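As structure tokens, the structure follows; a few thoughts come after it.
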Amino acid sequence: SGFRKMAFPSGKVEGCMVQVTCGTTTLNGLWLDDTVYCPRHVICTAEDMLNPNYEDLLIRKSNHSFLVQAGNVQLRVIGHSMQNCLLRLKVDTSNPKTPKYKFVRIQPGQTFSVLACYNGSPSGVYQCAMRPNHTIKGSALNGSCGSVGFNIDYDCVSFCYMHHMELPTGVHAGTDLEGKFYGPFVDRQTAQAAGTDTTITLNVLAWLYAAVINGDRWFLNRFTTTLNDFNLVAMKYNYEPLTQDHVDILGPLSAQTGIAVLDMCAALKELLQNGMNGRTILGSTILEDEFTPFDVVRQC
Amino acid sequence: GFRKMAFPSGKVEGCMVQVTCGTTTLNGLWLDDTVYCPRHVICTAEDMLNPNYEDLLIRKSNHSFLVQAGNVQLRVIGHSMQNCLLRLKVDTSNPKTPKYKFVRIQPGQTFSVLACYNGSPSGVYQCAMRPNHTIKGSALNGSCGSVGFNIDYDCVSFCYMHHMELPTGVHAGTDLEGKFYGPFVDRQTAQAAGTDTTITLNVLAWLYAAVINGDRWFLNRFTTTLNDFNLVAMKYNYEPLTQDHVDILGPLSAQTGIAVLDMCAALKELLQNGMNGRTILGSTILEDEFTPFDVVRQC
């Protein structure tokens with residue numbers, strides 16, 4: 001493609017990955033300073049996940065009930081507390097590879113990088129968006145419990161995600177770095193359904209501007225639509241409503257190109273009605289919605 | 002699986018430097034005491050029309066190149082030229098040098114690229130070497146000197162460095178030896194590129210990936226020959242499937258329980274009739290940037 005969906009360089013996070021073992025269960029952990037962050041469902045067995053009373057089970061454990069390991073180096077755990085759906089493990093050694101960090105809660109439609117980690121060891125990095133239905137798309141390895149989502153601003157890593165659950169159909173449900181879930185999910189193996197997932201209009205529009213800056217112009221027209229007219233057609237083709245709050249955000253990209261939001265909205269309208277019809281936008285034959293206006297400006 | 006993910010770039014990030022010569026500044030690969038970069042930095046905008054690298058380099062001293070790692074600027078104490086690359090010896094061995102190898106990959110194979118803007122690592126993505134020996138992208142999707150690599154345990158296998166942006170929007174590069182992929186040359190001119198076919202081998206691997214993940218609505222009871230398949234493939238711009246290709250998918254074929262040639266008859270139908278608006282692994286369009294090796298790695 002002419003526009004690559006780029007993850008952040010995973011270096012500053014690679015050095016923060018460990019494995020957390022409790023009984024037979026083993027998953028990834030985030031080692032920052034003298035604390036290891038991991039999903040709380042680690043203390044549960046395959047049987048315990050059916051209906052887990054965590055406080056009831058966690059009390060049956062002690063510091064030594066936890067195998068934390070950074071590569072070959074073994075970490076002595078000297079305390080444990082529970083914060084929502086996270087396990088907070090206090091360790092005897094502080095992490096010398098700790099980057100300048102922050103904990104954030106991203107909005108649906110916002111993007112980040114996920115470092116998929118296989119039993120403490122990192123395996124790969126990809127870029128994604130928090131879908132409107134509060135889920136992350138994925139597979140067997142895409143989200144291995146404890147694998148984290150992050151943005152890197154200059155030298156500051158802002159952790160926003162942690163994989164916790166895999167839904168029925170390769171859909172991943174997780175938590176922020178406070179243990180608070182994203183959307184209406186819970187950490188227990190029962191029947192969980194995803195909501196009506198929609199296409200993030202704001203990001204698609206940004207991508208069309210990204211398109212324009214790279215010379216691609218064939219989709220642009222003379223017609224000019226109203227905001228209300230657009231939302232009608234948007235909802236028809238399963239697109240997220242465009243709010244007035246959204247058009248303010250496209251301002252910078254609009255200025256950059258001299259193409260008003262609504263005029264670009266009359267272009268998207270025709271693209272929804274008619275499609276590419278043999279043609280391409282930035283190498284793609286489909287309309288990408290995983291590029292936030294921030295990502296575009298940053299990468300252009 | 003679903004996501005086209007790249008290898009973690011931590012080991013590679015610490016190998017990136019910038020190299021300034023004259024008015025140009027690009028990305029460079031710092032391994033041990035050497036630095037590798039596109040030899041064309043020494044050229045001006047005009048020089049690139051008909052460059053003479055021998056003549057241009059001869060009146061360049063060691064001072065002409067300015068190499069800095071993050072902030073700490075390296076002193077360049079020697080400059081040779083290997084093919085289309087610049088080999089600048091610096092006064093220091095990279096303290097962050099990983100176990101590494103140089104390799105030259107076949108067209109249709111995959112690797113991670115670390116895009117960089119003047120030494121600073123920007124982003125990371127996964128891509129495949131197109132059959133016409135190119136890589137698609139924008140301006141920042143691989144600013145020159147950016148490196149392509151794979152990771153096998155302790156070792157980093159470097160395979161690509163960006164050199165040229167072509168008219169069409171595609172990119173040409175070399176192996177970390179200095180030899181271009183395809184019929185491309187490091188001078189600013191028109192460049193006849195080969196037809197960009199669809200990687201049959203990769204589409205098939207990706208269809209096996211779907212089966213493994215419980216996505217099998219595109220299977221049929223129909224059959225085909227390798228010969229009958231390619232006449233449909235050639236028509237829809239898919240490059241011919243070879244016996245060699247059929248052998249590589251053997252392991253996947255066992256595992257999945259579906260024979261290679263049947264999976265071709267499964268593909269044959271999807272190429273002819275479209276997808277009816279359905280999804281294979283959440284995708285509406287067939288993917289071809291996943292090798293058989295990639296599929297097995299991510300399961």
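Top line first, the protein sequences correspond to chains B and A. Going by the deposited numbering, 53 is the number at position 53 of the first sequence; the sequence numbering is gapless. Take the position in the second sequence, starting the count at 1, then add 1; the result is the number in the deposited numbering. All C-beta atoms, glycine included, are put in the ideal place defined by N, C-alpha and C.
- Counting other Cβ atoms within 10 Å of its Cβ, residue 207(A) reaches 16 or more and is therefore classed as buried.
- The beta carbons of residue 220(B) and residue 37(B) sit no closer together than 8 Å.
- Against chain A, the CB of residue 55(B) has no partner CB under 8 Å away; the residue lies outside that interface.
- Three or more beta-carbon pairs separated by less than 8 Å are not found between the region 85-95 of chain B and the region 269-277 of chain B, which leaves the two stretches without contact.
- The three-state reading of DSSP puts residue 28(A) in strand, counting E and B together.
- Of the candidates 147(A), 141(A), 183(A), 141(A) places its Cα closest to the Cα of residue 170(A).
- Counting other Cβ atoms within 10 Å of its Cβ, residue 117(B) reaches 16 or more and is therefore classed as buried.
- With respect to chain A, the C-beta atom of residue 120(B) has no partner C-beta closer than 8 Å.
- One thing to note: residue 285(B) has its Cβ within 8 Å of the Cβ of residue 286(A).
- Short of 7 Å from the beta carbon of residue 65(B), and not among the five residues preceding or following it, lie these beta carbons of its own chain, in chain order: 22.
- At a cut-off of 8 Å between C-beta atoms, residue 9(B) counts as an interface residue with respect to chain A.
- With a contact defined as Cβ atoms closer than 8 Å, residue 130(A) and residue 96(A) miss out at about 31 Å.
- Assigned with DSSP and collapsed to three states, residue 178(B) falls in coil, not helix or strand.
- Within chain B, 1, 2, 283 have C-beta atoms less than 7 Å from the C-beta of residue 137(A), given in sequence order.
- Annotation: residue 202(B) to residue 242(B) spans about 7 Å, alpha carbon to alpha carbon.
- Looking from the CA of residue 5(A), the closest CA among 257(B), 124(B), 86(B) belongs to 124(B).
- Burial check for residue 190(B): the Cβ neighbour count within 10 Å stays below 16, so the residue is exposed.
- Taking CB atoms only, residue 160(A) has no neighbour in chain B less than 8 Å away.
- Using beta-carbon distances, residue 14(A) counts as an interface residue toward chain B, with a partner under 8 Å.
- Secondary structure at residue 55(A): helix, using DSSP grouped into helix, strand and coil.
- 167(B) is the residue among 135(B), 167(B), 294(B) whose C-alpha sits nearest the C-alpha of residue 188(B).
- Short of 7 Å from the beta carbon of residue 213(A), and not among the five residues preceding or following it, lie these beta carbons of its own chain, in chain order: 257, 300.
- With respect to chain B, the C-beta atom of residue 142(A) has a partner C-beta closer than 8 Å.
- A straight line joining the alpha-carbon of residue 71(B) with that of residue 12(B) spans about 16 Å.
- For residue 286(A), the chain B residues whose Cβ falls inside 7 Å of its Cβ are 285, 286, in order along the chain.
- Considering only 132(B), 110(B), 204(B), the residue with the shortest C-alpha distance to residue 197(B) is 132(B).
- For residue 153(A), the uninterrupted beta strand (DSSP E) segment begins and ends at 148-153.
- Contacts with chain B at 8 Å (Cβ-Cβ) include residue 300(A).
- Contacts between residue 18(B) and chain A, judged by CB atoms closer than 7 Å, are missing: the closest CB pair is about 15 Å apart.
- C-alpha of residue 216(A) to C-alpha of residue 29(A): approximately 43 Å in a straight line.
- Every candidate beta strand (DSSP E) stretch fails here, since none sits fully inside the region 185-235 of chain A while reaching 3 residues.
- Its chain contains 44, 188 as the residues whose beta carbon lies nearer than 6 Å to that of residue 52(B), once the 5 sequence neighbours on both sides are disregarded; these appear in chain order.
- Within chain A, no C-beta atom comes nearer than 8 Å to that of residue 36(B); the closest sits roughly 19 Å away.
- In this structure residue 46(A) is exposed. Its beta-carbon is surrounded by fewer than 16 other beta-carbon atoms within 10 angstroms.
- For residue 22(A), DSSP records a beta bridge to 25(A), 66(A).
- Sixteen is the threshold: since fewer than 16 other Cβ atoms of the shown chains lie within 10 Å of the Cβ of residue 226(B), the residue is exposed.
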